[PDB]
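Take a look at the structure set out below.
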Amino acid sequence: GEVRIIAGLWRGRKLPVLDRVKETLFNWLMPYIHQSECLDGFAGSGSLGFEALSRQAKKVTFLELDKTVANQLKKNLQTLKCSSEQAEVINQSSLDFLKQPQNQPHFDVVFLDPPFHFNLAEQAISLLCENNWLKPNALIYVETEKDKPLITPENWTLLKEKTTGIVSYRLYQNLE
């Protein structure tokens, strides 16, 4: 397996490993990305987070339960030079990590693409809102099963929503 960065400084690079909505997000971000802090909720390959890094996000934090995948991430972040002030890997499931009430918001951008069928993305959404994780106007990217679950937390606005195949892609904005 390998991840190829599409844009930014590292565009073209492929990283060893074990869509439209995406583009429009980065598009609306370009003006702010340089000072935006991100959360890649369920890292995995890290594709989303690395992409954000390539585009000079202020910071990306990767959450990953599987230690084997989490080490790979660290290896790639060492492969491509990133200070601990630019990228961070926390070996935890976001379902539990996000249960910790924050005194101050941490994220301008959030990527939530966990496995389907277990209302996991929904659980994460609830926690982000419940525990003061989101900074004002934060964008939340969510990928879910193609058919019928998602309701907009009320302090959020649904900006984009496309369904291709079996996946529903959504982009919300934290408007509080």
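Residues in the structure tokens are numbered from 1 in each chain, the chains being A, B, ... in the order shown, and ligands are numbered from 1 in the order shown.
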Counting only C-alpha atoms, which residues of region 89-147 of chain A sit at most 8 Å from some atom of region 56-65 of chain A, and what is each one's closest atom pair with its distance in Å to one decimal, listed by chain and rising residue number, as CSV?
residue,atom,partner,partner_atom,distance
A:89,CA,A:62,CA,4.7
A:90,CA,A:63,CA,5.0
A:91,CA,A:64,CA,5.0
A:92,CA,A:65,CA,4.4
A:93,CA,A:65,CA,4.7
A:94,CA,A:63,CA,6.2
Those residues you just picked out, can you put them in a file as a CSV table (one decimal), in the first residue's frame with N, CA, C and O atoms?
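result-v1.csv written:
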chain,number,residue,atom,x,y,z
A,89,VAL,N,1.0,12.5,16.8
A,89,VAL,CA,0.3,11.2,16.8
A,89,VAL,C,-0.1,10.8,18.2
A,89,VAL,O,0.8,10.6,19.0
A,90,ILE,N,-1.4,10.6,18.4
A,90,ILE,CA,-1.9,10.2,19.7
A,90,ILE,C,-2.5,8.8,19.5
A,90,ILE,O,-3.4,8.7,18.7
A,91,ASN,N,-1.9,7.8,20.1
A,91,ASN,CA,-2.4,6.4,20.0
A,91,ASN,C,-3.6,6.1,20.9
A,91,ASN,O,-3.5,5.6,21.9
A,92,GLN,N,-4.7,6.6,20.4
A,92,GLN,CA,-6.0,6.4,21.0
A,92,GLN,C,-7.1,6.4,20.0
A,92,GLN,O,-7.0,6.9,18.9
A,93,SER,N,-8.3,5.8,20.4
A,93,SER,CA,-9.5,5.8,19.6
A,93,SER,C,-10.1,7.2,19.9
A,93,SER,O,-10.1,7.6,21.0
A,94,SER,N,-10.6,7.8,18.8
A,94,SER,CA,-11.1,9.2,19.0
A,94,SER,C,-12.4,9.0,19.9
A,94,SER,O,-12.8,10.0,20.5
Residues near residue 48 (chain A), cut-off 8 Å, only C-alpha atoms, skip fewer than 5 positions along chain, as a VMD selection string: chain A and resid 40 43 111
Interatomic distance (Å, one decimal) between CA of residue 119 (chain A) and CA of residue 29 (chain A):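 Those two atoms sit 27.6 Å apart.
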Residue 148 (chain A) environment, 12 Å, only C-alpha atoms, sequence neighbours closer than 3 positions dropped, as an MDAnalysis selection string: chainID A and resid 117 119 144:145 151 163 166:168
Residue set, chain A restricted to strand (DSSP E), as a VMD selection string: chain A and resid 2 to 4 14 to 16 37 to 40 59 to 63 87 to 90 107 to 112 134 to 145 156 to 164 167 to 174
For residue 105 (chain A), the nearest of the candidates A:131, A:123, A:47, A:155, counting only C-alpha atoms: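 Going through A:131, A:123, A:47, A:155 one by one, the smallest distance to residue 105 (chain A) is for A:131.
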Residue neighbourhood residue 143 (chain A), 7 Å, only C-alpha atoms, exclusion window fewer than 2 positions, as a VMD selection string: chain A and resid 112 to 113 141 167 to 170
Export N, CA and C atoms of the chosen residues as a compact mmCIF listing (two decimals), in the first residue's frame?
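Saved as result.txt:
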# COMPACT_ATOMS: atom_id res chain seq x y z
N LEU A 112 -13.39 13.14 9.90
CA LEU A 112 -14.00 11.97 10.53
C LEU A 112 -14.42 10.95 9.49
N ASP A 113 -13.59 9.93 9.28
CA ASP A 113 -13.91 8.88 8.32
C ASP A 113 -13.70 7.49 8.93
N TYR A 141 -15.37 17.47 8.25
CA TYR A 141 -15.51 16.58 7.12
C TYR A 141 -15.93 15.22 7.65
N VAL A 167 -20.94 5.84 -0.28
CA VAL A 167 -20.45 6.80 0.70
C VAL A 167 -21.08 8.18 0.62
N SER A 168 -21.51 8.69 1.77
CA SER A 168 -22.07 10.03 1.86
C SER A 168 -20.95 10.91 2.40
N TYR A 169 -20.61 11.95 1.65
CA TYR A 169 -19.56 12.87 2.05
C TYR A 169 -20.22 14.17 2.47
N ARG A 170 -19.86 14.67 3.65
CA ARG A 170 -20.45 15.90 4.14
C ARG A 170 -19.42 16.84 4.70
Close residues, residue 45 (chain A) itself excluded, 8 Å, only C-alpha atoms, min 2 positions apart in chain, as JSON, numbers by chain: {"A": [3, 17, 18, 43, 47, 69, 73]}
Written file, previous selection with N, CA, C and O atoms, as a PDB file, in the first residue's frame:
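Listing of result-v7.pdb after writing:
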ATOM      1  N   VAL A   3       0.434   5.906  -0.227  1.00  0.00           N
ATOM      2  CA  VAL A   3      -0.369   7.122  -0.328  1.00  0.00           C
ATOM      3  C   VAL A   3       0.396   8.181  -1.107  1.00  0.00           C
ATOM      4  O   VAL A   3       1.542   8.489  -0.784  1.00  0.00           O
ATOM      5  N   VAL A  17       2.510   2.510   3.237  1.00  0.00           N
ATOM      6  CA  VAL A  17       1.457   2.260   4.213  1.00  0.00           C
ATOM      7  C   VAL A  17       1.077   0.779   4.234  1.00  0.00           C
ATOM      8  O   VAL A  17       1.509   0.004   3.377  1.00  0.00           O
ATOM      9  N   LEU A  18       0.271   0.392   5.219  1.00  0.00           N
ATOM     10  CA  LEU A  18      -0.157  -0.995   5.365  1.00  0.00           C
ATOM     11  C   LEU A  18      -1.499  -1.236   4.674  1.00  0.00           C
ATOM     12  O   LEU A  18      -2.526  -1.397   5.334  1.00  0.00           O
ATOM     13  N   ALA A  43      -7.111   8.382  11.726  1.00  0.00           N
ATOM     14  CA  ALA A  43      -6.005   8.434  10.783  1.00  0.00           C
ATOM     15  C   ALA A  43      -5.878   7.321   9.747  1.00  0.00           C
ATOM     16  O   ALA A  43      -6.100   7.551   8.564  1.00  0.00           O
ATOM     17  N   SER A  47      -3.641   9.795   4.954  1.00  0.00           N
ATOM     18  CA  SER A  47      -3.827  10.545   3.716  1.00  0.00           C
ATOM     19  C   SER A  47      -4.398  11.952   3.931  1.00  0.00           C
ATOM     20  O   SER A  47      -3.808  12.947   3.488  1.00  0.00           O
ATOM     21  N   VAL A  69      -0.440   0.813  13.021  1.00  0.00           N
ATOM     22  CA  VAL A  69      -0.695   1.872  12.052  1.00  0.00           C
ATOM     23  C   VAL A  69      -0.144   3.198  12.587  1.00  0.00           C
ATOM     24  O   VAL A  69       0.372   4.032  11.832  1.00  0.00           O
ATOM     25  N   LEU A  73       2.536   5.919  10.839  1.00  0.00           N
ATOM     26  CA  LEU A  73       2.335   7.361  10.746  1.00  0.00           C
ATOM     27  C   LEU A  73       3.582   8.095  11.234  1.00  0.00           C
ATOM     28  O   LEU A  73       4.108   8.956  10.544  1.00  0.00           O
TER      29      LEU A  73
END
Pick from A:54, A:39, A:127, A:76, whichever lies nearest to residue 15 (chain A) using only C-alpha atoms: A:76
Residue with smallest distance to residue 115 (chain A) - pool A:8, A:1, A:16, A:44, counting only C-alpha atoms: A:44
